[PDB]
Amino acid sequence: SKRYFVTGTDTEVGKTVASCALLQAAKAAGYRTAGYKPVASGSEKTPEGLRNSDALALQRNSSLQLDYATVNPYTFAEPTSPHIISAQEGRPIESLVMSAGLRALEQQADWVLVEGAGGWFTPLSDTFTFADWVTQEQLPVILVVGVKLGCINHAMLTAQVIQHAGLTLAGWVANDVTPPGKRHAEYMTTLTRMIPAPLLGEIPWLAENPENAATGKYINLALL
C-alpha cells in the first residue's frame, strides 16, 4: 500500500481539511483509500462511546466502509496533549497497538493516510513521542502549512527536524486559514523556495464547513 503521515506546522492549521482533500484526490485516481487517526483527544459522548470529529471526517472520506475503532483506536475526551490525558485515565498509548492498526488497514486498502495529533513532537508518554513512532514506521511525511504570519519559521523548523531524522518529506500542502491578505503571493513564493519538497496544491479559504467541501481538485497527486 502507499502510506503517508500528515503533520502540521501547528495544531489547528487545517490538517484534517487537507487530509480529506488528499483522500478525495486518491479515490478519484482509483485507489482503495483508508484514513487512520491512531490517537485523538477532544471527543464527544455518543451512545456508542466517544467519537472524535477528525476521525469521523477521515472515516467518511475513505472509499472503504470502515468501523470507527479501526480508524481511531485511542479516543480521549479532553482536548489536551495525549500523554497528559492517557496518564490521567490509566490507558497507556501502546506503539504495538498503533502499528497493528496500520497493518489491519493495509489488509484492505492500498492508499492509507495517517493523521497525527498536534504537530511533530506531540508526546504520547513520558519517554515516547509521535515522531518516534513515525520514524519507527519509516512513513513519508506530508507537511500541512496554514498560511499566516509565523508560518515560514514553523515550516522550516518542522522540515529540518524530519530530514535530520532520515525521513522523506514527500510534499507540502498550503492551507488558507484566513481570507486573502496583503502578502499572500510573497508568502507562497518564500515557502515554495524554502521547503525542500514539492507543493502538492493550495486549499482556498472556505468559510462554511471545509472538511465536507469537495476539495480533491486542489491536490495534484501526480507529485506524490
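One rule holds for the numbers: they count along the sequence shown, beginning at 1.
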{"query": "Higher-scoring stretch by recorded Cα B factor average, 161-169 or 191-199", "finding": "161-169"}
{"query": "Between the two ranges 205-213 and 16-24, the one averaging a larger CA B factor in the entry", "finding": "205-213"}
{"query": "Maximum C-alpha temperature factor, selected from 64, 155, 57, 39", "finding": "64"}
{"query": "Largest Cα B-factor, entry values, listed residues 113, 145, 87, 124", "finding": "87"}
{"query": "CA B-factor placement of residue 175, once the chain's modelled residues are sorted into thirds", "finding": "lowest"}
{"query": "B-factor third for the C-alpha atom of residue 141 within its chain", "finding": "lowest"}
{"query": "CA B-factor ranking of residue 131, expressed as a third of its chain", "finding": "lowest"}
{"query": "For residue 77, the third of its chain into which the C-alpha B factor falls", "finding": "middle"}
{"query": "Third of chain Cα B-factors occupied by residue 109", "finding": "highest"}
